[PDB]
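The form deposited in one PDB entry is given below as one chain in C-alpha cells.
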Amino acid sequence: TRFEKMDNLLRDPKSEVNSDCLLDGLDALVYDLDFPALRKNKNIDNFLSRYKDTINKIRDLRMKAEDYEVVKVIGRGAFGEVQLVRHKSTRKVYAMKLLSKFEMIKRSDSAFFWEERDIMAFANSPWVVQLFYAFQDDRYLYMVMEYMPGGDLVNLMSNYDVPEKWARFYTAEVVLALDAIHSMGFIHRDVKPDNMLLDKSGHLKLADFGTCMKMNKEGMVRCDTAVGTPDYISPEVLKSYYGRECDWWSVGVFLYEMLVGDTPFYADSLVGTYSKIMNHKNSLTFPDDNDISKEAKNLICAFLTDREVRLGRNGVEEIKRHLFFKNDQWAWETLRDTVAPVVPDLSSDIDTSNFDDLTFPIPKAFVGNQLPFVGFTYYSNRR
C-alpha cells in the first residue's frame, strides 16, 4: 500500500508530472480538440462535451492574463514583451514576460523558456530576478517576476558618465551574479547591460536566461551554432566545446563600454563587429584622451583576451583579487549590504521613470500545438 510515492510525484514542484503538469495536460487536450473539423469524431465530440463545464471552471479558477491589470509595456523581445502588471485581487506589482507560442514554434531554434523558468523559480539568489508564477493559455506562455524599478544598465549608461568607482561596483555585482549562476551549473552565454537590472535600493540582479545552458561533467558546452549578442560574444562562442570563461569576456566588454562610452569592437556594419572581435588582438584600443587608470585597462585587457589566457580560467578568486577591485567603500562579502552608486527615487509602486515608454492556424486533422508547453505552469506546485 505504497500509494504515498504517487502523491510525492504529484506534489513535488520539480516533478515532471505534478498537479500543475496534470492540469496543463487536460487544458492542452481540450485546446487541441475544440475545432469543428475534429469535432466530426464521435470520440472527440463526446469527451469535449462531457469535460466542457469543468474545463471552464478550471480555466477561470486557475491563473490567467485577465487576473492582471497591465500598466505599461516596459520591454520588447524576439517572441514577446515584458509588461508592468498589477494583480487585480492581490494588488501586488510584477513584471510579466509574455512569449508567443506560434512565433517560438515558427522562429525559435530551442525550448529556451524551460531553463529560464527554472533559473528564475529555484535560483533563490539575491543576484537572480525571481519567478512567483508561471502560467499559459491558447496563445502565450507567461512569466510573473519581481519588478526591478531602477531599470537596466543600458539606461544608466546613457543617462550618466560612469566613473571608475561606479563601474567597479557594477562589475563586482555582475561577477558575483555570474559566480552564482556558474555555481548553479549554468553558463550565461549572453552577458550584457540589457540583462543587468536594478532594484528599488539600486542593486544588480540578472534577468534574461534565454541563452543559459547546463554545463556537462567538465563544466563545458558542445555547440554547433553561436548564441548571444554581436558586441559581447567571445571569439570561441562565435567560431563554433567552451567553458564558463566565455561569460568573463562579456564582462570585459561591459567594463570597456562603461568607461570609454562605446563597445570595444564597434563597427558601422553589424558584420564588421564580427571581423573586429576575431581580430581582438589588433582592434582592442583605448582612445587618445586616456583618463582611464592603468589598473582599469589591466582588468579590461586580462578579460578581452583568448579563452586559454583569460582571467578567471583558474576560478573567480583570480578576478576578485584584481587590484582594480580594491576600494574604500565595500569588500566582496559585504557588497550587497553597502549603498549603491545610483539610489533611485520612485514616485509610486508602479514608477516606470527608468524605463523607455513603449496566432496558430485552425487545423484540419489533429496537430497538437499545445503539447510542447505541457508542464510550464508553476502555480499549484511551487517551493
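The first residue of the shown sequence is 1; numbering continues from there. Whichever C-alpha set is largest while still superposing within 1.5 Å between the two forms counts as the rigid core.
Where coordinates are absent for parts of the deposited sequence, a chain break appears; between neighbours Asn290 and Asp291 there is no such break.
Where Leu358 is followed by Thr359 in the displayed chain, the model omits 4 to 9 of the deposited residues that sit between the two. For the pair 282-290 and 158-166, the mean B factor over Cα atoms is greater in 282-290.
For the two regions 372-380 and 3-11, the entry's Cα B-factors average higher over 3-11. Of the candidates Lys192, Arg307, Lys97, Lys92, the deposited coordinates give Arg307 the top C-alpha B factor. Highest CA B-factor among the listed residues (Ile105, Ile119, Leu197, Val174): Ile105. When the CA B factors of the chain's modelled residues are split into thirds, the value for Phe265 lands in the middle one. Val70: CA B factor lies in the middle third for its chain, per the PDB record.
Compared with the other modelled residues of the chain, the Cα B-factor recorded for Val144 ranks in the lowest third.
Annotation for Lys239: C-alpha temperature factor in the highest third relative to the rest of the modelled chain, per the entry. Annotation for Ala365: C-alpha temperature factor in the highest third relative to the rest of the modelled chain, per the entry.
Just so you know, the form deposited in another entry exists too; it's not on screen, but the next bit is about it.
Taking the core as reference between the shown form and the other one, the lone member of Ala134, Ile300, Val129, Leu198 whose Cα moves by 2 Å or more is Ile300. When two forms of a protein are overlaid on their rigid core, residues whose CA moves 2 Å or more are considered shifted, and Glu257 is one of them between the shown form and the other one.
Superposed on the core, the two forms barely differ at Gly150: its CA moves less than 2 Å between the shown form and the other one.
Once you line up the core between the shown form and the other one, the Cα of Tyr94 stays within less than 2 Å of where it was.
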